[PDB]
């Protein structure tokens, strides 16, 4: 899985340990081994949500499987919870694009997962 | 809807008011309320388009519906127009990826739009 | 085609000529003219792969066609090779998301490619 968070929250407001926390919580929620989880946080961004520049986040979660209606609801509760708690971003100012990737469409280690 | 623009144009060349203009015009084009429109501009990027580095933009528009042949032509005219007028980027150095998202695959406010 | 590389490797480690090399190699690999190839490198990112902050890369290749099982294995060998050689990133710390775009869903030059 690959989880990307883009936010206008400044770098100094991203707490130490945030990437590890994301990694651990995602391994668990998705059921995948931690070794396959990639995380990326991009602070200080020029962005708006609903016209407003109050704290917000634009995110994505790509994964080979483990994407679906109920699963995505559960990821959203988790991720929004973490963004609220750690970055002080309101959940209603978060968007997460979920994408179910075909194994043939993910390159890794000189090949793909197909 | 979520609109992202990645560009090599420098931050000081992004005019005041640009995120609001993008929010307004995308609300109108998509028919969605401005409160649901998110915009993100990423200047000063290391990028090339067709081998050169004159001003260019790599963008995406993710929307739940309102994506299709004619609509996307219309979004491209609008968005290329705005990038040309405000960031001085030639339309033939703009790429926009359009993604029609299923409501179950967009997280927001601790759940999805399903 | 559009190729994007997000990496924690620092900007100074990205060699001069890397965008042109990517452009040329992708033109050859995809068979598309270099005028249609866009490349974007984002260094100094806050990211982790497998919980580790050792060098890694999160990438994507969007193309109208020329995406598939065998092709993507080949692109992954090529791309991982280049990231290892030029950025010193281990291939098993690289993810590449491949997306086969419909021509109607790519905006360019005030219209789409449809």
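Bridges between two residues of the protein assembly as shown, per DSSP, are antiparallel at a rate of about 55%. Between the helical axis of B:69-87 and the longest alpha-carbon principal axis of chain B there is an angle of about 40 degrees. Spin-label pair residue C:24-residue C:12: with each label point 7 Å from Cα along the Cα-Cβ axis, the two points sit 2.7 nm from one another. Placing a label point 7 Å from Cα along the Cα-to-Cβ direction at residue A:102 gives distances to the equivalent points in the other copies of 1.5, 1.5 nm, listed shortest first. Relative contact order of chain B: 30 percent, from C-alpha pairs under 8 Å at least 6 residues apart in sequence. Take the Kirkwood radius over Cα pairs of the stretch B:52-97, plug it into Stokes-Einstein at 10 °C and 1.306 mPa s, and you get 142 µm²/s for translational diffusion. Give me D for chain C in µm² s⁻¹, whole number, from Stokes-Einstein with Rh from the Kirkwood sum over alpha-carbon pairs, 10 °C and 1.306 mPa s. For these conditions, the coefficient is 108 µm²/s. Comment: the Cα-to-Cβ extended label point of residue C:16, at 7 Å, lies 3.8, 3.9 nm from its counterparts in the other copies, nearest first. Hydrodynamic analysis of the protein assembly as shown uses the Kirkwood radius over alpha carbon pairs. Inserted into Stokes-Einstein at 20 °C and 1.002 mPa s, it gives a translational diffusion coefficient of 107 µm²/s. Here is how far apart the residue C:70 label points are across copies: 4.1, 4.1 nm, shortest first, using a point 7 Å from Cα toward Cβ. The angle separating the long axis of helix B:18-30 from the principal Cα axis of greatest extent in chain B is about 50 degrees.
Distance between the 7 Å Cα→Cβ label points at residue C:53 and residue B:53: 2.8 nm.
Any read-out appearing in this document is the output of simple, stated calculations on the displayed coordinates, not a laboratory observation. Cβ sites come from the backbone with ideal geometry, for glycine too, and all protein chains shown count toward neighbours.
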